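Q: pasting an experimental structure, sequence included:
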Amino acid sequence: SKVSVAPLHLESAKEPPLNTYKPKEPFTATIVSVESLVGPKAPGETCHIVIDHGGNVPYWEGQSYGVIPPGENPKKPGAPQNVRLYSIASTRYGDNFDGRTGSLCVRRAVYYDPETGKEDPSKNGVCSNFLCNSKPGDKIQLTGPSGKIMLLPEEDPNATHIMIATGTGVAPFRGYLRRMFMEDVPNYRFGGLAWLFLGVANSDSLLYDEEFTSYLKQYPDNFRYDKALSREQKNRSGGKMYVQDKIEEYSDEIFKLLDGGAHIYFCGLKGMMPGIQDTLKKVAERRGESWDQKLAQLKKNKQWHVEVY
Ligand SMILES: Cc1cc2nc3c(=O)[nH]c(=O)nc-3n(C[C@H](O)[C@H](O)[C@H](O)COP(=O)(O)OP(=O)(O)OC[C@H]3O[C@@H](n4cnc5c(N)ncnc54)[C@H](O)[C@@H]3O)c2cc1C
């Protein structure tokens, strides 16, 4: 049974909030918790950050928060750092089910000399390390929310949603899936098919795996979940197993769902897309279809949702 969430007045707004806080006057939020999401064999750290916004910075699932890390802009003396955007990984109610917190899924950007491996603090990512280094009680300059590309289409509560993530691109889908399956939201009762595909480097790099696996047991007729591990698995051609390769294992089912009106979403680092497009083109060709024409139709019908970075 679904978890009680409050306050239900978060369902009343008819439009998503946008730019509630702007960079010149951010909202000063407070860190609740920071935890690593990954095990010792992961190539780098990805963290889950819970942020208390006090109900002052509400959002809809699929939106992003901006964070302004501390310090001066190196390219602009006397001026703050540029905003960095992070897909919100929580529902509008947040991980405490109270409408006061939101969560981020943050990959630490670390520099290594391509020959020696030697680090250099001046070359680390500023905001990602700032966030993953944070501790309860620390203050965060929050902006936004922003973005509409990844809003969840709720007009059809029995729609099909095919969610394609790599790494931190899982973030919006954690929010979608909690709203679909975990939370007691009386005005959104999902009875369609949600299908999550997740590509990461290895088993230790999985993100929220226990949560997603539990949906298989709770909603076996409404949720599917497939994973790819690039460094621990190979595709049928004997390249590294990427999220495009798991899609190909379900070629027929996927194309049938798209033809029936399914939404398909892509999120994560933009390098994921070339290989996905290559696979989809080849799958279409094997079926005797033109991927160009299919993609044009999916775009025209508003079924195709991409937020990569
Ligand atoms: C819509 C959207 C959603 C996003 N969602 C997420 C998300 O959920 N999770 C997430 O982790 N990220 C996400 N991102 C990316 C995020 O916004 C940041 O770009 C990212 O976290 C890195 O920012 P940073 O401040 O750490 O790096 P920056 O300080 O901006 O540095 C960028 C890169 O340059 C490198 N670098 C800096 N100086 C040098 C140098 N001299 N030589 C070589 N390399 C150098 C850094 O190591 C880093 O790898 C999203 C982006 C967008 C647009």
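A: That came through fine. Numbers count the residues shown, from 1 in each chain.

Q: contacts and neighbour counts: CA atoms only from here.
A: Fine.

Q: skip the chain neighbours and tell me the closest residue to residue 83.
A: What sits nearest to residue 83 in space, not counting adjacent residues and going by C-alpha to C-alpha, 6 or more residues apart in numbering, is residue 68, at 4.7 Å.

Q: mind listing what the one residue in the chain that gets nearest to the ligand touches?
A: The minimum distance from the chain to the ligand, using C-alpha to the nearest ligand atom, falls at residue 125 (3.1 Å). Contact analysis of residue 125 by C-alpha atoms under 8 Å, 6 or more residues apart in numbering lists 108-111.

Q: and the helix or strand where residue 285 lies, what does it pack against?
A: Following DSSP states H and E, one finds residue 285 within helix 273-286. Helices and strands touching helix 273-286, by 3 or more C-alpha pairs under 8 Å, 6 or more residues apart in numbering; DSSP states H and E, are helix 243-249, helix 291-300.

Q: any idea which of those is most buried?
A: Mean neighbour count (mean count of other C-alpha atoms under 10 Å) peaks for helix 243-249 among the helices and strands packed on helix 273-286, with a mean of 21.

Q: pull the distance from that helix to the chain's centre.
A: Offset of helix 243-249 from its chain centre (C-alpha atoms, centre = their mean, to the nearest Å): 19 Å.

Q: residues touching that helix, excluding its own?
A: For helix 243-249, contacts defined as C-alpha under 8 Å, 6+ apart pick out 164-166, 197-199, 226-228, 235, 254, 275-276, 279-280, 283.

Q: now those residues: which count as buried?
A: Neighbour counting by 16 or more other C-alpha atoms under 10 Å classes 164-166, 197-199, 226-228, 235, 254, 276, 279-280, 283 among these as buried.

Q: count of residues packed around the residue nearest to residue 99 when sequence neighbours are not counted?
A: Excluding the flanking residues, the one nearest residue 99 by C-alpha to C-alpha, 6+ apart is residue 93, at 4.0 Å. Residues contacting residue 93 under the criterion other C-alpha atoms under 10 Å number 27.

Q: show the contacting residues for residue 93.
A: By C-alpha under 8 Å, 6+ apart, the contact list for residue 93 reads 5-7, 10, 99-102.

Q: out of the residues you listed, which is most surrounded?
A: Scoring those on neighbours with other C-alpha under 10 Å, the highest-scoring entry is residue 102 at 28 neighbours.

Q: that one bridge partners, please.
A: For residue 102, the beta-bridge partners under DSSP bridges are residue 51.

Q: residues touching it, list them.
A: 50-53, 88-95.

Q: could you dump those residues to a markdown table with secondary structure and distance to residue 147?
A: Converted to a markdown table, the contacts of residue 102 look like this (DSSP: H, G, I helix; E, B strand; the rest coil; distance: C-alpha to C-alpha, whole Å):
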| residue | secondary structure | distance to residue 147 |
| --- | --- | --- |
| 50 | strand | 20 |
| 51 | strand | 19 |
| 52 | strand | 20 |
| 53 | coil | 18 |
| 88 | strand | 11 |
| 89 | coil | 14 |
| 90 | coil | 15 |
| 91 | coil | 15 |
| 92 | coil | 14 |
| 93 | coil | 18 |
| 94 | coil | 18 |
| 95 | coil | 21 |
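
Q: can I get the residues you listed in JSON lines with distance to residue 173?
A: JSON lines is the format used below for the contacts of residue 102 (distance: C-alpha to C-alpha, whole Å):
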{"residue": "50", "distance to residue 173": "17"}
{"residue": "51", "distance to residue 173": "18"}
{"residue": "52", "distance to residue 173": "21"}
{"residue": "53", "distance to residue 173": "21"}
{"residue": "88", "distance to residue 173": "9"}
{"residue": "89", "distance to residue 173": "7"}
{"residue": "90", "distance to residue 173": "9"}
{"residue": "91", "distance to residue 173": "10"}
{"residue": "92", "distance to residue 173": "13"}
{"residue": "93", "distance to residue 173": "15"}
{"residue": "94", "distance to residue 173": "14"}
{"residue": "95", "distance to residue 173": "14"}
